[PDB]
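# Structural overview
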Amino acid sequence: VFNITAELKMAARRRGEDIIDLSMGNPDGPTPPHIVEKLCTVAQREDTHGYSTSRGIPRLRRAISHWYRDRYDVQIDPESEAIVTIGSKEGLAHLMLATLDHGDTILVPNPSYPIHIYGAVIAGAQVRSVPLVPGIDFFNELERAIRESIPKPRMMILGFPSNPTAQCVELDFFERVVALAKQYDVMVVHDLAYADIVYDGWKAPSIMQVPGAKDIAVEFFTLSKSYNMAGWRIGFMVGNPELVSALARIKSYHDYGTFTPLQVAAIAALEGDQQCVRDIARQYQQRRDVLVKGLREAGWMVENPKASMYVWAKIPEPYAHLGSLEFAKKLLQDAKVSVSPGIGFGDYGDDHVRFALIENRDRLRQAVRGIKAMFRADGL
Amino acid sequence: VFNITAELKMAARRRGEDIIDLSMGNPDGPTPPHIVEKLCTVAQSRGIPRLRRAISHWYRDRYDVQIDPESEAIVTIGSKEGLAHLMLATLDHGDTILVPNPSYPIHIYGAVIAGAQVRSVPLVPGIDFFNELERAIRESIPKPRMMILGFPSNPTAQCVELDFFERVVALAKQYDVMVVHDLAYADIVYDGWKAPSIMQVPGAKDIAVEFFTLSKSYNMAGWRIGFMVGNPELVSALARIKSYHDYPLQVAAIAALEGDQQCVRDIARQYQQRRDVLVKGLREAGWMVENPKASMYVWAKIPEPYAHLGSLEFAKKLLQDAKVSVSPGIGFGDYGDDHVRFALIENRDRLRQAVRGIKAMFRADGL
Amino acid sequence: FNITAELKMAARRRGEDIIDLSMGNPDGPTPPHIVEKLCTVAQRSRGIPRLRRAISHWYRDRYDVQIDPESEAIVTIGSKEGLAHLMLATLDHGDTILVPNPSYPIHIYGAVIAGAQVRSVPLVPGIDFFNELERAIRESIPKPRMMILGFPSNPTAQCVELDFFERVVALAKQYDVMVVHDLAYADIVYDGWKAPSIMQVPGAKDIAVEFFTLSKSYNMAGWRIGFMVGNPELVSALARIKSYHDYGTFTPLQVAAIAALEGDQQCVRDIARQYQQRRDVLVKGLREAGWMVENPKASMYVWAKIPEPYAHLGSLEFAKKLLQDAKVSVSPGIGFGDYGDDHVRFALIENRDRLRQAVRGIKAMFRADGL
Amino acid sequence: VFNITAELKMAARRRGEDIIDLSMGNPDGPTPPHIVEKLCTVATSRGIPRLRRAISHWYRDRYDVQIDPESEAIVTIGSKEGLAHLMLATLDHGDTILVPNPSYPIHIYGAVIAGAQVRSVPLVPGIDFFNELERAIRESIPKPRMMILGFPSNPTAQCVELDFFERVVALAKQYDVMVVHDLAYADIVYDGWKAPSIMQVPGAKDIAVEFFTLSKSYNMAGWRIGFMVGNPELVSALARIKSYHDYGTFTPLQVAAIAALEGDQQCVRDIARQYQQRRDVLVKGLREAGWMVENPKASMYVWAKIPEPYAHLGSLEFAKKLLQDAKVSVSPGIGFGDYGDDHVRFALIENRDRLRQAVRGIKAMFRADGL
Ligand SMILES: Cc1ncc(COP(=O)(O)O)c(C=O)c1O
Ligand SMILES: *Cc1c(COP(=O)(O)O)cnc(C)c1O
């Protein structure tokens, strides 16, 4: 369905229209200079080679261990419990191949990030979606989902802060999941891509802070959003040492490691001064504030996200009959603002659209003006 | 879990106990002698045309339904097998199907063949089955390929009216989800209650198939002869799968269908009287079990004071203390853990003996 | 086989008297003492414990072989269905099995049901079979899970000695490839011969199972009753699979199976010797006509090399010629694998007079043609 | 099984032995500055149009082949991964693919990971490869869906001419078996020899695709960039699976890739020359010691027949001896398929002084063995 709104947008650009594109999570801004300089400097050294070791260069797995200790007081063995990925999409897709085949089911929330589905369907797995929405007991539905699939699902894939809803959970959420996943012996994957994209002084919890999460869980983190990595993919997975090893084995038949100069560049991102991450977080918080306040002054009472790069907006009553896909087309044609239709994230999302905070503030104000002129011209 | 209770039962008889076996669902009764005689005489790809003509007449005479015997009917060696081959023809390996909970698992073998995965759908008092069915469809990605239903129902004895089927069929067509219906207990009905066929619903043949076995109606337990009727493209799919075998009870089985039918009535009558003894008996003992309106089963809710134990442990209690073997409800799914299933497959004297074994158990536990 | 069965029926609807030696179904009646028990018990998960005892005694008295009735034998609803279930128990979807070419396709149903791929191993005169079998084992990755064999063979009638099996078993142990052997035609033996069991090879049960269908030895076509013996862990696999499938094998057939296997074997001796006399009439008639066929020593088939003037036709089109011109239906050899395409199969399923009418139509065809 | 050889090597280093590592074929030389520069200054699923145009020009200039950049070309993330995805897009459980033996093990793996089974076809002096190749097609049911080839070859260094490819293509077209060709070593050619593309065969595109990686030609090892050309449907298939995975655009790397293809091509010739010089030193050195290895005509590899006195040890054991006695790590031929158990592979990935050091170790080992 995102193909549909990608086409309409591109048609609008080719018509010459000035479209505020708030429909993708591609960071707009530049990569921090220390990171780019390392990459370039290391690539230019005659002794450098692109290929590296199966699990990542030891110094980088060390940096990831340190990142866990410092942020979460969590122990990750760099030798056995950490592995460098070529971004989390690669990482996940490969964990699924290693772990899933025809005859297996994974559980995903609805609405959620569709990448987690594709990988599993590509690996041969079936997907069972679990409602994650206001006024439904998630833990009842998750436990139903486990009990009422035969055979039980091998795995459940969660991601907080959430894409697309911006939902944040505290540590007692993770305790429940973990105790539940151990009870039925279902593996937990957790996607921590938005851990640094956090507003109002809040911190994102890792699942690896629960005692014995390592016995049942793995956790993916990507550098894309925290460090504005554009046209570069790198991250890691940690936790259960057998799952880390199964990802290592599958990867050795696919790649020669992550591009070495990018791995060295990741060391410079993860180590040392993290002001560039706080600035990126801050830049999103203020874009959030212009968007949310502006939509509200126009009479669209959108909810204020506590994290992620997304405002997950409930379709106003007077347009609710249209559906998300139809509404998002209207926003594009009438307001000259590209959004993602909520239905693209699962059927429980059809009453919403998602905005990504990827244009600057003036542009955002221009998006708000376009939406407000639409309301006015529709008689609202 | 049935293997668990089939082995404790055989361990009890290993020990010289007089166990009243009400746990299998297999007729004790004699096959009508005219059918057995025709087997003796005969001994001296879609199935025999004659046998396929017989099902067509059957479908017309019972249900006013048109079945073309050239294309819309196929003989099977039983519904487990036929369901296996359909699944094989219709699923990609690993695909999903919908099974009610609680229900008799006629899919297990198909699941082994197709690598099928089951989404269990609650079919229980208190919950809206259609909302749950549509939910399970929607929430499985990709969509399930089929839903397997059976009325009258094993193990619940739940019967349905035509309007259920017109409602399943309308929903099936809405999501292009194939409907398989097992009419195995169509003749075992009580009190002028009657069993509709999903094929009475107009346009059913665009989305549904129906299986019937001879084993319950005619006491042909293990003769394994049945048939499938429905969509002609799915009949043809089965015929392909059967043709890979490249290959007498079929012939004998003609007598069952096109012969005199009083024996089918007499069989249902036998089960009805048996039902009356156990139900009456259990109730004298204060076990206020529901009277079934159809099928060979009494679906008994576990008395509150035995509720804590769960179906498995109550069944162990029953086997140890009352010398009666029952099917624990959880063998039919988690939504059956508060029941047991009795099969009316012993004689009435023996049903009485079981009633007295249950009573005493209750006398000794202070009820 | 469908093609030739359609042309045959076409010819009959046109009023032609076709001598059908194409189908392969026993025409004789089931011995009374067998039928008797089917009737009587009908009126009144591993197989009946008594029937598995009758299998155990069968192997002890015919092959001096110990088969433990409680763990090493199991009753089947025929060998085709029995093989499918074994395959479901031991194959992962998409795995490969080895099969001789040419051979009768008893594997096909299992292959489709278990999702198995097939690798054929040429089994023909002048090709080292063991070379090809091991080569087929080594050139497949992952290793094939099983090889399927059947001696006396359908369609070639080939017979092997006990040494052929001790090499198979020894090879199968080397690579850890399961052996399945089909003893179907063991009792259909001629001229004083006794057919050997793979289970006579010491430690055969470590790597192999053996299947017997009652159909051929006892005129029990359509009865769908046989057994498997061998490895206890493979038998237990089959017992599990079968428990999901059916409540149990039709007891009257099981008790009929006991009459067949226990006691007086005079009726199997008589069936054999009948096939022998039919063999002699067809083999002799065909040679008299300058069709120099091989003579089988077991089984019901005369595996007949296509005469050279008709070799360019292939087995399909030549068999069509037999049907059209001689009024005889044979099974083309290609239906058994491409390495059969210079043969046709004859089944000894008509009476001697009918077999002579065939030989006669065939003689006239050579005479009408150039030969 | 190259894990055993990599573990022994690491053990030796851990003991301070100076090991000349000629096992894993990892290019050791630097990427040309002009390529690497484009990484610094720049920092759909079919690829940047300009890159696909460069691909097109490369096929037109080198081979006189027309490849529509719109429909017949796709940027991969390198051949290893790109092939792995083509396999996931085209293969599942129930398929079999065909691979030579000995051959490049990474093809086998992508296929297996996708769930295909693999049938290997001997490609060795003394055996007729096309006869065995057609047998492998005909004797597997279902018939294999694809065959994967690569010349010049890893590990054997075999080079073929266009005549070879036009017989593959015709055989492929006769049986409708797709053909995958790996052109990774197109530029690593010696002594004026030249490697053809399967696309020079007219109608190749109806049945065939070709992979080329920038890794060897341009010392871009681990850069995760290449492309695939040929059949538009297999190209579209690769395109769709890429969309769903969304592993990334990697414009900087595509941009660098453009610099490789459009830049001065002398660096490629320099790279080939360097390997030709290292080959001259290893071949001449071994021969002076009395090990008369075949001179490769292309590829980073010397494919050395185990000398007769050591033949009996087999390749893994002879490789181990080479590491212990000569202080040289080689890859044992059996890791490439059973038909390679009589060779070892050297990779020309160490400089000439080091190659001299290897040779001296190997000579000292022949001398201590009295051979
Ligand atoms: C939940 C989540 N995980 C991962 C990613 C990005 O993954 P990668 O590291 O491959 O860039 C995103 C970007 O959309 C995301 O939203
Ligand atoms: C091409 C390549 C290889 C190939 O050598 P093998 O030892 O045969 O695997 C290895 N590593 C890299 C980085 C390569 O590019």
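Residues numbered from 1 in each chain as written, not as in the entry; some residues may be left out. Chains lettered and ligands numbered in written order. Heavy atoms only, no water. Residues with missing side-chain atoms left out of burial classes, pairs and counts.

Method of structure determination, per the deposited record: X-ray crystallography was used for this entry, reaching 2.25 Å resolution.

Looking at the PDB entry, chain D carries the name PROBABLE AMINOTRANSFERASE, with the source organism given as Pseudomonas aeruginosa. In the PDB, the entry goes by the title "Crystal Structure of a probable aminotransferase from Pseudomonas aeruginosa". For chain D, the Cofactor (unreviewed entry) comment in UniProt is given as "pyridoxal 5'-phosphate". (UniProt positions renumbered as here; feature names shortened; annotations may be inferred.)

If you look chain C up in the PDB entry, it shows as PROBABLE AMINOTRANSFERASE from Pseudomonas aeruginosa. Recorded in UniProt for chain C, the comment headed Cofactor (unreviewed entry) runs: "pyridoxal 5'-phosphate".

### Quick look at helix α12 (residues 352-368) of chain D
All names here are of chain D. Here α12 spans 24 Å end to end across 17 residues, near enough to the 24 Å set by a 1.5 Å rise per residue. Among the residues of α12, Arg 354, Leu 355, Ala 358, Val 359, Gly 361, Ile 362, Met 365 and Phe 366 are the ones counted as buried. In a view along the axis of α12, the buried residues occupy a sector of 160°, so they form one face of it. Opposite the buried face of α12, at more than 90 degrees from it, the exposed residues are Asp 353, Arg 360, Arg 367 and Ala 368. The N-cap residue of α12 is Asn 351: its side-chain oxygen and the backbone nitrogen of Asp 353 are 3.1 Å apart. One or two positions beyond α12, positive phi appears at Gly 370, with a value near 75°. (Helix = DSSP H or I, 4+ residues; strand = E, 2+ residues; numbered from the N terminus. Expected span 1.5 Å × (residues − 1). Buried < 20%, exposed > 50% of the residue type's maximum accessible area, 1.4 Å probe, protein only. Arc of directions from axis to C-beta. Polar contact = N/O pair within 3.5 Å; in protein donor to acceptor, adjacent residues only side chain to side chain.)

### Description of the pairing of strand β9 (residues 226-230) of chain C
All names here are of chain C. Extensive coverage of β9 is indicated by the burial of 5 of its 5 residues. The alternating pattern of β9 places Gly 226, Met 228 and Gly 230 and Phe 227 and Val 229 on opposite faces, both of which are buried. With 4 bridges joining them, strand β2 (residues 73-76) and β9 adopt antiparallel strand pairing. Directly across from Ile 74, in β9, lies its bridge partner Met 228. (Pairing = 2+ DSSP bridges.)

### As for the environment of A:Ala204
Residue and element names in this part refer to chain A. For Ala 204, the location among the structural elements is in the loop between β7 (187-191) and β8 (217-222). In this structure, the C-alpha to C-alpha distance between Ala 204 and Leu 171, residues 33 residues apart in sequence, is 9.3 Å. If near-sequence neighbours (up to four positions away) are discounted, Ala 204 is found in contact with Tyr 72, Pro 161, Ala 195 and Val 198. (Contact = heavy atoms within 4.5 Å.)

### Here we look at the domain arrangement of chain D
Residues and elements named next belong to chain D. If you check the domain split of chain D, you get domain 1 (1-22 + 265-370) and domain 2 (32-262). Look at where the C-alpha atoms of domain 1 and domain 2 centre, and you get two points 27 Å apart. In total, about 2400 Å² of surface goes out of reach between domain 1 and domain 2, with carbon and sulfur atoms giving 62% of it. When the area that domain 1 buries against domain 2 is broken down by residue, the three leading residues are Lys 297, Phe 336 and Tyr 339, summing to 27%. Inspection of the domain 1/domain 2 interface yields 1 salt bridge. With a closest N to O distance of 3.0 Å, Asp 191 and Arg 279 form a salt bridge. On inspection of domain 1 and its partner domain 2, the count reaches 14 residue pairs in polar contact. Contributions of two or more residues to the side of domain 1 that touches domain 2 are made by α10 (266-289) and β10 (301-305). Residues belonging to the side of domain 1 that touches domain 2 are distributed by class as follows: 14 nonpolar, 7 polar and 4 charged. (Domains from an automatic or database assignment. Buried area = accessible area lost by both parts, 1.4 Å probe. Salt bridge = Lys/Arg side-chain N within 4 Å of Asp/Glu carboxyl O. Nonpolar A, V, L, I, M, F, W, Y, C, P; charged D, E, K, R; others polar.)

### Concerning the interface of chain C and chain D
Between chain C and chain D, the residue contacts involve 18 residues of the former and 19 residues of the latter. Taken as a group, C:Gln117, C:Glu139 and C:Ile141 account for 35% of the area that chain C buries against chain D, more than any other trio of residues on that side. The tally of links between chain C and chain D comes to 6 salt bridges. For D:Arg119, the salt bridge goes to C:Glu139, with nearest N and O atoms at 3.0 Å. Applying the counting rule to chain C against chain D returns 15 residue pairs in polar contact. Elements with a contribution of two residues or more to the side of chain C that touches chain D: β4 (117-122), α6 (129-139) and β5 (140-141) of chain C. In terms of residue count, β4(C) provides more of the side of chain C that touches chain D than any other element does, 5 residues in total. In the side of chain C that touches chain D, the residues fall into 5 nonpolar, 6 polar and 7 charged.

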